[PDB]
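Below, chains carry the letters A, B, ... as their sequence lines are ordered, and counting in each starts from 1.
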Amino acid sequence: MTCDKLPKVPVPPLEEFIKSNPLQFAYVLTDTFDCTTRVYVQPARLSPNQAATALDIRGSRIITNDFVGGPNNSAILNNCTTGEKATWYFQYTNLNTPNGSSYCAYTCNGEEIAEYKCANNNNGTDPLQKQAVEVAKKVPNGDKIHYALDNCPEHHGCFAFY
Amino acid sequence: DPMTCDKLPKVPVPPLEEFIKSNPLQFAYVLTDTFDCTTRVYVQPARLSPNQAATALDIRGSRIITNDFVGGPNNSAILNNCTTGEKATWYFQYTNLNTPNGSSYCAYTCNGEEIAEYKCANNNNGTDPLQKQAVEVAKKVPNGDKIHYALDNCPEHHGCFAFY
Amino acid sequence: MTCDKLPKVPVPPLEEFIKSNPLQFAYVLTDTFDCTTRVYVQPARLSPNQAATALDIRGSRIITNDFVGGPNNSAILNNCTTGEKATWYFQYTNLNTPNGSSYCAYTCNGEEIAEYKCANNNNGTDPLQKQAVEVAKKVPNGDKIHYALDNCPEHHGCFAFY
Amino acid sequence: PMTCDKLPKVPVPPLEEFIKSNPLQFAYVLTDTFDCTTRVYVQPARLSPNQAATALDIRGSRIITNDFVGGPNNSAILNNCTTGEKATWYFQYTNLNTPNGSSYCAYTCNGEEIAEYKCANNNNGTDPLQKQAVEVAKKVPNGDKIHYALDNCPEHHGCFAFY
Ligand SMILES: N#C[C@H](O)c1ccccc1
Ligand SMILES: N#C[C@H](O)c1ccccc1
Ligand SMILES: N#C[C@H](O)c1ccccc1
Ligand SMILES: N#C[C@H](O)c1ccccc1
Ligand SMILES: N#C[C@H](O)c1ccccc1
Ligand SMILES: N#C[C@H](O)c1ccccc1
Ligand SMILES: N#C[C@H](O)c1ccccc1
Ligand SMILES: N#C[C@H](O)c1ccccc1
């Protein structure tokens, strides 16, 4: 199983992602997205390109990425700070079930997995996440994939932010 | 024209949904320099949130301030700084969400008779006439002289419309 | 004619300002000092630095700055709420004439005028005020200088305050 | 027993005596409004037809203003510049511009109880007259509300008399 051979389910409508807000990454690859909250934003009223934006929030820090649909069930991300581009795919999505939402996404380095993000708002109770993670772990560099929520800063009265 | 911060208008908090449909907004006028060059995103409570508090995100480049909020009496929103634990009682001077010309509002929090903070948000490049008259009224209360235009000389973007 | 090259008359003795109290600004640059009454205050008895204070009063709002002499006939202001400093000069003073008092003061942003206050207590009848305003308007940013006393709030029995 | 209508009514000193005292702070007041407050007196405007002086009551960034003219029985009649509301005030005592500075205590009455009380000084409350005046006014009806007005005041930013 090489990264480029992973499932690429269709991107849900943006409204499905927004109804899921907010989410937390239960499993990631690199340490960048440990202890992170995901929020999805519609495009600004006056945005000429009408791109949506993904917010990755870690305490007082935030990574932002505009995204648009691309070929082969892909999302193409534009890093708003650096202009860096990346092609992402969904291994699966399971948004807005009666037990909440989960998904797992990935970007590839040819055959290696460059980054992995599994999000949920049900504390990892979705059976699809278990299965997806085990499958992702056996991809080249999938050894790095880890539970992302172990040693996270203490909160000060907010549920989803610190 | 109301004289002190305690006497400003307090319109009903619109349903969260009206705010979320306005996402994202920018702050055209603020009181302290904390909220210059800032984009606001409203977020619904997490599914498993015990208190069902919504969250206001104040995003300035690569930095974020977060505040959970819930309804309070007299059309108040009570905020909880997610990083500090610090509480603040806010009100809306006016809201004008989701018009054919977009959304604007102005919100504030008082230190008694003075204004401690002020946030005028819009997604229509400051063209709502309500916003202009709101800013003029707020400036006249104690400490209101610090309220200023918040979007001069902000950093350059890298491909994104609403973030940098 | 740029702001850094405007006239800089000697700051009169404090007593001359206090004998003028209260004044109103006839012409100002920003909107801040519209519909505003100026009162000058002597240092407190126990003040170590013996700085005098300028009070800018607009309804129930007050802006306060201690000030002291600086070089080149400057007044250095200390905003009492922030500790921010600003360097002011007098374009002219004409205090305590038989037709009352007037002056025009200004603070620069290099070659631009950042703020302008022309005060009087004679309903703007000092011919010096008209010439001074005409000169300052020609300076960069000075196109914003405007008459400050149109459509001010109505009073409830007091002459100088509302 | 001492009631408000029966307190001392010393003559109002000339305005210049108050202006020479500027600025003052209130060490004792009745209502909450006049805590952490600086008092500044202003002469009438040149063009003011009635020539009423003005008292300024400044608390941080907020100012209350009252024109005043002398009335009967050593009274000052105050005109709130924002409401147009009138109040008759008196001085329990004045001690302006001694070699130890200035102090006074003034009051206004709701019949036999005291509606407001303002004890000003520019000497950190060291005038012996001031202690005595306060003890007396506290025993008047409602005078139990009179308190020290300078306990937990906001921190300053380089000015001495304003914050
Ligand atoms: N999670 C995650 C990815 O970075 C992602 C994928 C699609 C759209 C936005 C963001
Ligand atoms: N899992 C789960 C919660 O609903 C949750 C917790 C933190 C951030 C987003 C969502
Ligand atoms: N802080 C701030 C915002 O403008 C705000 C956020 C939620 C409710 C009221 C006001
Ligand atoms: N005004 C306005 C725009 O719609 C706007 C611009 C930047 C960020 C949010 C919103
Ligand atoms: N008018 C005016 C200025 O703010 C100013 C100038 C000199 C001294 C005090 C205040
Ligand atoms: N000009 C003039 C008057 O004397 C005046 C009017 C209002 C405030 C200060 C002074
Ligand atoms: N202190 C005090 C009162 O407010 C007052 C009394 C007489 C004159 C001016 C002001
Ligand atoms: N008493 C005393 C102080 O020195 C003081 C402080 C502020 C204003 C006037 C006077």
field: Donor-acceptor under 3.5 Å (A/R45 side chain, B/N122 main chain)
entry: no
task: State whether the number of non-hydrogen atoms from other residues, nucleotides or ligands found under 6.0 Å of A/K130 atom NZ is greater than 12.
output: yes
task: Below 4.5 Å from any heavy atom of chain A, which atoms of B/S22 appear? Answer side chain, backbone, both or neither.
output: backbone
Interchain contact, A/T82 with chain B, by part (heavy-atom threshold 4.5 Å): backbone
- request: Report, as yes or no, whether the 6.0 Å neighbourhood of atom CD on A/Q50 holds more than 12 heavy atoms from other residues, nucleotides or ligands.
  value: yes
- prompt: So what's closer than 4.5 Å to chain B heavy atoms on A/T64: side chain, backbone, both or neither?
  reply: side chain
statement: Between A/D66 and B/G159 the two heavy atoms that sit nearest each other are OD2-O, 4.2 Å
message: Could you check whether any side-chain heavy atom of A/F161 comes within less than 4.5 Å of a side-chain heavy atom of B/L57, counting everything from C-beta outward?
response: yes
Side-chain (B/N80) to main-chain (A/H156) donor-acceptor, under 3.5 angstrom: yes
- request: Among the options B/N51, B/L25, B/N123, pick out the one with the most heavy-atom pairs lying under 4.5 Å from chain A.
  value: B/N123
query: Relative to chain B, which of A/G59, A/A44, A/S47, A/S101 shows the most heavy atom pairs under 4.5 Å?
result: A/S47
- request: Please tell me if the side chains of B/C82 and A/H155 come closer than 4.5 Å, counting only heavy atoms from C-beta onward.
  value: no
- prompt: Among A/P48, A/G83, A/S60, who wins on heavy-atom pairs under 4.5 Å with chain B?
  reply: A/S60
message: With a 4.5 angstrom heavy-atom cut-off, is it the side chain or the backbone of B/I59 that approaches chain A, or both, or neither?
response: side chain
- request: Measure distances from B/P45 to the heavy atoms of chain A and classify the residue's part below 4.5 Å as side chain, backbone, both or neither.
  value: backbone
task: Please report the shortest heavy-atom distance between A/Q42 and B/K21, naming the atom on each side.
output: NE2-O, 2.8 Å
query: Given a strict heavy-atom distance threshold of 4.5 Å, which part of A/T53 is in contact with chain B: side chain, backbone, both, or neither?
result: side chain
- line: Residues B/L48 and A/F159: closest non-hydrogen pair is O-CZ, 3.5 Å
message: Among A/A160, A/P153, A/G100, which residue has the highest count of heavy-atom pairs closer than 4.5 Å to chain B?
response: A/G100
field: Residue B/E86 excluded, over 12 heavy atoms near CD under 6.0 Å
entry: no
query: chain B heavy atoms under 4.5 Å from A/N79: which part of the residue, side chain, backbone, both or neither?
result: backbone
